[PDB]
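A.B. asks: Give me coordinates for this.
(4 chains, ligands or ions: 4)
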Amino acid sequence: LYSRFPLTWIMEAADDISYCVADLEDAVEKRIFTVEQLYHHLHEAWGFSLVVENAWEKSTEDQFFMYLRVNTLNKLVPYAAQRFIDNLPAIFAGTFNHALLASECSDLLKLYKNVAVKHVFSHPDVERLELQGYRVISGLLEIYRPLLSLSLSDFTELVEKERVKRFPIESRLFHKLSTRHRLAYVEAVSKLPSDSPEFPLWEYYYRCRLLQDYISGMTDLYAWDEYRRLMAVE
Amino acid sequence: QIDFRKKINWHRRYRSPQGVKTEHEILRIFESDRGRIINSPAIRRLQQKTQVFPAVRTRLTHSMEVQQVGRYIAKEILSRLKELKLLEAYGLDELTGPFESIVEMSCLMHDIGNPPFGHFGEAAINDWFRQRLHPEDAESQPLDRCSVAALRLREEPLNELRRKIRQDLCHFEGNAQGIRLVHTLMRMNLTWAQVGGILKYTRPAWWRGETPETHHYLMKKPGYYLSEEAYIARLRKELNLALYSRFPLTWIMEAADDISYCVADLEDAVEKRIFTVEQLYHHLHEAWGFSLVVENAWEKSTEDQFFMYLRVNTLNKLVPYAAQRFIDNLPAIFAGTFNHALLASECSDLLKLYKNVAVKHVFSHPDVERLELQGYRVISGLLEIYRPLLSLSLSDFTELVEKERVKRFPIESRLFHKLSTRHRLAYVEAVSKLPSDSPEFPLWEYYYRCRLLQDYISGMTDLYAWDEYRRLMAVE
Amino acid sequence: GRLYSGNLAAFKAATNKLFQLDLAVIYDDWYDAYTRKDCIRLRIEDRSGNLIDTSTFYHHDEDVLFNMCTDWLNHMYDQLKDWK
Amino acid sequence: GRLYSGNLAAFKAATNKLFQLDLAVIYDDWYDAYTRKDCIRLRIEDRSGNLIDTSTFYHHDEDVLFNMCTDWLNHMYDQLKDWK
Ligand SMILES: Nc1nc2c(ncn2[C@@H]2O[C@H](COP(=O)(O)OP(=O)(O)OP(=O)(O)O)[C@@H](O)[C@H]2O)c(=O)[nH]1
Ligand SMILES: Nc1nc2c(ncn2[C@@H]2O[C@H](COP(=O)(O)OP(=O)(O)OP(=O)(O)O)[C@@H](O)[C@H]2O)c(=O)[nH]1
Ligand SMILES: [Mg+2]
Ligand SMILES: [Mg+2]
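C.D. replies: Numbering: from 1, shown residues only, chains lettered A, B, ... in the order given. Ligands and ions are numbered 1, 2, ... in the order given. Find the structure here:
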């Protein structure tokens, strides 16, 4: 109970290595700053010679990161392998309460971490998209709110008949959901004991899950278009 | 005794020039002010604000015509006094230069404090706050619909400040915003005489009650806010003005705006094919009931030749009357207690001719009326978006302004970075002076936060506010 | 030139304040013949229709005229709440 | 890497739950010199300003640090509602 698979640790360390280095390169391609400016910022934030300086003198934009990535990999991968090998019984048991990555290796990642949050994540264009996305998801949940206000019998009739003369607005919203989510809902509710005092609770839980699956399975671009169309704007 | 040397003040508030100055270096002081005002961001923004129609005149082009009319009234006044040999007796022997420059710069920056969309943009700010502060419930002893715990009446010494703050925040006026913009936000550091030329009215924004009958005209609209009370007292002490008094040169600027009120809009209507020149002439003939002013221009042309002479004809009849009215009532204007305007004769009746035609055939157009309703909706929506900023506590807002990287308020922090840096600096300077260990800190902090919110909205062009409103609602 | 928003808000506030005493106000406005100034007439009466008093104000400026109307309404409210 | 929404919601819920007993919480956060872990200090005091107790928590992960703060706040609420 509450244990981890041994191979999950390797996947966790891989994500931590590729956390901010790509965003720094993407910032240069958008003319936020130049390669020399980024190098100066890294030099100021560091306080590097084996990793960053080697790449700087080996280039100029597609030749600085191409060697920085190699230089940091050649210093980070063996440390992760040694950490995995040393604490092997605990990882195999699944009770290791730490991560593979407090030394010169872990301090290096914070260098890329601090530069990215101050010069890239704080850009006005990045910040604006975060506020617009919060408004889009909230609006979509309000549009489908009538589906959650129906009763068990009404929703059963909606899912069974599919041509209801009593709920014109609710039935049309129902046909917009993907067929796979509806099939999953049907399979889930097709198993609970009908003659039990727990049927309404499970039915409501599965209905909420069905609503949550539809929203989270969208691309950013599709959700914005659907939100604008359902509000009679586009 | 009239002495204009005690009124024309060339001192400043910061790094003021001290010592005795000659007539040449005094003039140099009033030219740097002109350079500062003309090359200011506040004046540049005037070309993106609409007068009536969104070759049409903007506020920048409108204020340039008012500046020319002001020059001409000052020159007529100065020349008429020399005929009576009163220039030396009145102290204007060595001040004819700055006398016209002050009027010209006051006429130029007479609309720098107007909010986007103008009048209906001013109302929208007032109603939205009126629903949150309910000023009418603080007139008398404690009753309370106020939505703020700190501003609710509960404590005699603290209730007066509460009602003053509640009344002031629901009275936003463009003229009162002009003084604040010129001193606290832009930090232009103009001379005392230049600042006094843009003080049109003397009624405080927190005033509740009946005004004295001796000043019922000079106190018809709010003149300044509570945050500028200390600055206005210093200005009055510097210019030797009594309480609720006006600067002598403000009257000339007021008359210039009244002359250029509707004549430009009538010309702009023709350029938009609302009607033709002949139709406008027929309408003017029907409304009048003209021969010396309008008929002379009509027979001297056809579109760019009818108004070009009508303006000259009306100026040659209106400017001398204004100069004579200024000269006749000189002691009262100098004292600052003249309760009337320069402009009940054939001269004042003529302006109503242009007034009545414009309101019936131009201001009632469907396209003009639609923009007024859309502007009211845009300003109301922007204030609702920033409402979470006003719902925070003192500690949370202090942490937001101090740390700038808060992990507890993701939505509130991102809205905070959208405000301009000058407004944030002004807020920091304002709150960096109040006694921290006082029972009045929360009230002043809330007042300054509301002022900071109001400065950001009113400092936008019409076009920028619409775009921001559409983008923040996930529409564009 | 146009009426200021605050004056209209104060006029409406006074009207509602006097309406809280189960009263009513009628409003009339016009332009005079030769005085060259707008005129506004107010009448105060209760719900049953019994006229209490009336007043007429003349002025060529909207702001001053509305302020005079508002302060007269406030005086009426004050006098009518001094007794009854 | 970033703090999860549920942990912040639970922290705010605990803060409000303890605020329902006319109390208050001050929050301080910083980064230590050499321990290489963020530090958060909480102080609990009533409305009159009489400090009751304080605590400081150090951790290099945001999620664990916030959970520790939330459970310490819950323990404080429990102890303060056991008596008084
Ligand atoms: N806009 C923005 N993106 C960020 C920020 N921090 C990280 N990112 C991006 O998101 C990626 C990682 O996502 P995080 O939210 O930090 O966390 P995570 O790795 O998804 O989290 P877990 O599933 O808990 O491991 C980084 O590689 C960046 O590309 C930030 O502050 N702002
Ligand atoms: N759309 C519209 N514009 C108007 C109207 N009346 C005047 N204007 C325009 O606004 C200008 C004057 O603004 P007003 O609101 O009348 O008043 P003001 O001069 O700004 O007011 P003060 O600062 O009190 O002197 C005129 O020159 C016109 O260009 C109107 O009824 N509708
Ligand atoms: Mg990842
Ligand atoms: Mg004007």
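A.B. asks: residue contacts, the residue of chain A found nearest ligand 2?
C.D. replies: Going by Cβ to the nearest ligand atom, ligand 2 is nearest to residue A:233 of chain A, at 27.9 Å. Every residue, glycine included, has its C-beta placed from N, CA and C. By Cβ atoms under 8 Å, 6 or more residues apart in numbering or on different chains, the contact set of residue A:233 is residue B:475.
A.B. asks: what about it, distance to residue C:78?
C.D. replies: Residue A:233 sits 52 Å away from residue C:78, going by Cβ to Cβ, to the nearest Å.
A.B. asks: how far away is the residue lying farthest from the centre of chain A from ligand 1?
C.D. replies: Ranking residues of chain A by C-alpha distance from their mean position (Cα atoms, centre = their mean) puts residue A:165 at the top, at 40.9 Å. Look at residue A:165 and ligand 1: by Cβ to the nearest ligand atom, to the nearest Å, they are 47 Å apart.
A.B. asks: For chain C, which residues are neighbours of ligand 2?
C.D. replies: Counting by Cβ under 6 Å from any ligand atom, chain C comes close to ligand 2 at C:1-2.
A.B. asks: Do a quick rundown of the strands in chain A.
C.D. replies: In chain A, no strands are defined using DSSP state E.
A.B. asks: likewise chain C?
C.D. replies: Under DSSP E, chain C gives strands at C:23-31, C:38-46, C:51-59.
A.B. asks: contacting residues for the residue in chain C positioned nearest to chain B?
C.D. replies: Closest residue of chain C to chain B, Cβ to the nearest Cβ: residue C:63 (4.0 Å). Taking Cβ under 8 Å, 6+ apart, we find residue C:63 in contact with B:220-221, C:3-4, C:7.
A.B. asks: Next, the contact list for the residue nearest to residue A:68 when sequence neighbours are not counted, please.
C.D. replies: In space, and not counting its chain neighbours, residue A:68 is closest to residue A:55: 4.1 Å by Cβ to Cβ, 6 or more residues apart in numbering or on different chains. Shown in contact with residue A:55 (Cβ under 8 Å, 6+ apart): A:64-68, A:70-71.
A.B. asks: Swap in 7 Å and give it another go.
C.D. replies: Applying Cβ atoms under 7 Å, 6 or more residues apart in numbering or on different chains to residue A:55 gives the contacts A:64, A:67-68, A:71.
A.B. asks: Can I get the residues you listed in a markdown table including distance to residue C:73 and neighbour count?
C.D. replies: As requested, the contacts of residue A:55 are exported to a markdown table (distance: Cβ to Cβ, whole Å; neighbours: other Cβ atoms under 10 Å in any protein chain shown):
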| residue | distance to residue C:73 | neighbour count |
| --- | --- | --- |
| A:64 | 77 | 21 |
| A:67 | 82 | 17 |
| A:68 | 77 | 23 |
| A:71 | 82 | 16 |
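A.B. asks: okay if I get those residues as CSV plus distance to residue D:41?
C.D. replies: CSV is the format used below for these (distance: Cβ to Cβ, whole Å):
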residue, distance to residue D:41
A:64, 41
A:67, 43
A:68, 38
A:71, 39
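A.B. asks: Can you list which of those are found in helices?
C.D. replies: Counted as lying in helices by DSSP state H, out of the contacts of residue A:55, are A:67-68, A:71.
A.B. asks: Turn the residues you listed into a markdown table, columns for distance to residue D:15.
C.D. replies: A markdown table is the format used below for these (distance: Cβ to Cβ, whole Å):
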| residue | distance to residue D:15 |
| --- | --- |
| A:67 | 49 |
| A:68 | 43 |
| A:71 | 46 |
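A.B. asks: distance of the residue lying closest to the residue of chain C closest to chain B once chain neighbours are set aside from residue C:42?
C.D. replies: Counting by Cβ to Cβ, 6+ apart, residue C:63 lies nearest to residue B:220, which is 4.0 Å off, once chain neighbours are set aside. Distance from residue B:220 to residue C:42, counting by Cβ to Cβ: 20 Å.
A.B. asks: do you know how far the residue in chain C sticking out farthest from the centre is from residue B:349?
C.D. replies: Residue farthest from the centre of chain C, counting by Cα atoms, centre = their mean, is residue C:34 at 23.1 Å. Distance, residue C:34 to residue B:349, by Cβ to Cβ: 11 Å.
A.B. asks: again, but for residue A:147
C.D. replies: Residue A:147 sits 68 Å away from residue B:349, going by Cβ to Cβ.
A.B. asks: same thing with residue A:59?
C.D. replies: Here residue A:59 is placed at a distance of 81 Å from residue B:349 (Cβ to Cβ).
A.B. asks: And for residue A:90, the neighbour number?
C.D. replies: Look at residue A:90: counted by other Cβ atoms under 10 Å in any protein chain shown, it has 13 neighbours.
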